[PDB]
There are 2 protein chains.
Amino acid sequence: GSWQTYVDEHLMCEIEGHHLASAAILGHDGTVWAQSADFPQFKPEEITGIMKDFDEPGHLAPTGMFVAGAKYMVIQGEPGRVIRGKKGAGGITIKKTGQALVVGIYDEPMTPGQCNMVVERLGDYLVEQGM
Amino acid sequence: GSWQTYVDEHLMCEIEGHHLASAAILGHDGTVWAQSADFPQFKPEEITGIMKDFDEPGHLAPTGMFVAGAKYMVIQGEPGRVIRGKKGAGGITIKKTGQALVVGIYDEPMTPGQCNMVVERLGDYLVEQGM
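Residues numbered from 1 in each chain as written, not as in the entry; some residues may be left out. Chains lettered and ligands numbered in written order. Heavy atoms only, no water.

- Per the deposited record, the coordinates in this entry were obtained by X-ray crystallography to a resolution of 2.3000 Å.

What follows is the structure, encoded as structure tokens:
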């Protein structure tokens, strides 16, 4: 399927020696359009907090951001468009499109530049598609 | 610049252990919007033959396709959208957008799948942008 190929041959691609640990494309309601093998199960409250942070940035920063019950420290993101979090050497990037969330989870520091920025680039592409 | 970053941090990215030898984004008139360091100089006749092949597919197949005077054997492509050529272990991929040509040149066989298909993915993105 189109959405599975976006995960397996765009988001999960090894780039400059590094690959996401996991990735998925979800609806604004947290429905899984497509996902990687080790992608975590979000809780509805977690998706609601992410969505509230996109509507009003700074919502998640004081308490942190939870993913399958794992705490992530909110770090700088693009307001209303991207939410970034850090846990240990890894982190999470969430890009919001008109109809979807693109999610990438990393276990290791990525290379500098846009080469590894697969979550943001796929989200930009779907937005230009009107999705 | 936006067009240079597309070349340096999208097209020239190392992906699954392989990187393009060279890449560029050109107008339909062969003007260089942005290019890699070792990108070749196309001749106007070469750009005209590529453009004629997009307007009428099969134009270049009998005589081959010339890039800086180097012969490439035309191989299967998407008619009106993509032109692919082979020279030795390497090859060339040309994707046509509404206003531009995306060009990638490889010295080595790429990995199977869309992960390495940077020329086609950038061209799709610009087309969705209306470019």
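That shown, we press on.
Details of the pairing of strand 2 (residues 32-35) of chain B
All names here are of chain B.
Then, number 1: Where strand 1 (residues 22-27) meets strand 2, three bridges bridge the pair, whose relative direction is antiparallel. Within strand 2, the position partnered with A24 by the bridge is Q35.
Then, number 2: Taking the residues that link successive antiparallel strands as the turn, the strand 1-strand 2 hairpin has four residues, and the phi of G30 there is positive, at about 80 degrees. (Pairing = 2+ DSSP bridges. Helix = DSSP H or I, 4+ residues; strand = E, 2+ residues; numbered from the N terminus.)

So, a negative patch on the surface
Then, number 1: On the surface, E14 and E16 of chain A together with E14 and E16 of chain B cluster together to form a negatively charged patch.
Then, number 2: Within the secondary structure, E16 of chain A sits in the loop between helix 1 (2-11) and strand 1 (22-27).
Then, number 3: For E16 of chain A, a relative accessible area of 32% puts it in the partly exposed group. (Patch = residues over 30% accessible without salt bridge, like charges linked within 9 Å, V, L, I, M, F, W, Y side chains within 5 Å. Areas by Shrake-Rupley, 256 points an atom, 1.4 Å probe, with all protein chains shown as cover. Salt bridge = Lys/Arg side-chain N within 4 Å of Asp/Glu carboxyl O. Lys, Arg positive; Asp, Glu negative; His and termini not counted. Charge placed at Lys NZ, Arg CZ, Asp CG, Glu CD. Buried < 20%, exposed > 50% of the residue type's maximum accessible area, 1.4 Å probe, protein only.)

Details of the packing of helix 1 of chain A against helix 3 (residues 118-128) of chain A
How two helices pack is summed up by the angle between their axes together with the distance between the axes.
Residues and elements named next belong to chain A.
Then, number 1: Packing of helix 1 against helix 3 brings their axes to within 11 Å, and their N-to-C directions diverge by 145 degrees. For the crossing formed where helix 1 meets helix 3, the hand is right-handed. Listed contacts from helix 3 to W3, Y6, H10 and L11 of helix 1 are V118, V119, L122, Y125 and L126. (Axes fitted to C-alpha atoms, helices over the stretch in contact; angles between N-to-C directions. Left-handed = near helix turned anticlockwise from the far one by under 90°. Contact = heavy atoms within 4.5 Å.)

As for the state of the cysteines
Then, number 1: In total, this model carries two disulfides over all chains according to the counting rule given.
Then, number 2: Note on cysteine connectivity: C13 of chain A is disulfide-linked to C115 of chain B, with sulfurs 2.2 Å apart. Between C13 of chain A and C115 of chain B, the S-S torsion sits near -85 degrees, and that sign places the bridge as left-handed. Of this pair, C13 of chain A sits in the loop between helix 1 and strand 1 while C115 of chain B sits in the loop between strand 7 (100-106) and helix 3 (118-128), on two different chains.
Then, number 3: Residue class for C13 of chain A comes out buried when judged on its relative accessible area of 2%. (Disulfide = S-S within 2.5 Å.)

Regarding helix 1 of chain A
Then, number 1: Buried residues of helix 1 of chain A: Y6, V7, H10 and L11 of chain A, and no others. Taken around the axis of helix 1 of chain A, the buried residues stretch over an arc of 115 degrees, which confines them to a single face.
Then, number 2: Looking at the buried side of helix 1 of chain A, the elements it contacts are strand 1, strand 2 (32-35), strand 7 (100-106) and helix 3 of chain A together with helix 3 of chain B. (Arc of directions from axis to C-beta.)

Some points on empty space enclosed by the protein
Residue and element names in this part refer to chain A.
Then, number 1: Summed over all chains, the structure comprises three cavities of 30 Å³ or more.
Then, number 2: The computed volume of the largest cavity comes to approximately 80 Å³.
Then, number 3: Lining the largest cavity, in full, are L11, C13, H18, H19, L20, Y106, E108, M110, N116 and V118.
Then, number 4: Here the residues of the lining of the largest cavity are counted per class, giving six nonpolar, three polar and one charged. (1 Å grid on protein atoms, 1.4 Å probe; cavity = no way out; pocket = protein on both sides within 12 Å on 5 of 7 lines; lining within 4 Å. Points joined across faces, edges and corners; volume = space filled by probe spheres on them. Nonpolar A, V, L, I, M, F, W, Y, C, P; charged D, E, K, R; others polar.)

A word on the relation of the copies chain A and chain B
Copies of the same chain, two in number, are related to each other by a rotation about an axis and a translation along it.
Then, number 1: Aligned on chain B, chain A shows an RMSD of 0.0 Å; the corresponding rotation is 180 degrees and the shift along the axis is 0.0 Å. The superposition operator between the copies reduces to a two-fold rotation axis. Closest approach to the rotation axis within chain A is made by the C-alpha atom of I15 of chain A, at a distance of 2.2 Å.
Then, number 2: When you check the interface residues of chain A against chain B, 100% turn up at the interface there too, and the contact is symmetric in its surfaces. (Least-squares fit on C-alpha atoms.)

Topic: the interface of chain A and chain B
Then, number 1: With 15 residues of chain A at the contact, the number on the chain B side is 15 residues.
Then, number 2: In total, about 1,400 Å² of surface goes out of reach between chain A and chain B, with carbon and sulfur atoms giving 52% of it.
Then, number 3: When the buried surface of chain A facing chain B is broken down by residue, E9, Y125 and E128 of chain A rank first, second and third, together holding 32% of it.
Then, number 4: For the pair chain A and chain B, the interface holds zero salt bridges. (Buried area = accessible area lost by both parts, 1.4 Å probe.)

Brief notes about the sheet that holds strand 6 (residues 90-96) of chain A
Residues and elements named next belong to chain A.
Then, number 1: Across the sheet, seven strands lie side by side as 2-1-7-6-5-4-3; this open sheet has antiparallel pairing. With one partner strand each, in any of the chains shown, strand 2 and strand 3 (65-67) form the two edges of the open sheet. Ignoring which end each strand starts from, the neighbouring axes of this sheet average 25 degrees apart.
Then, number 2: In terms of strand pairing, strand 1 meets strand 7 through six bridges, oriented antiparallel. Residue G27 lies in a different strand from strand 7, and its bridge partner there is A100.

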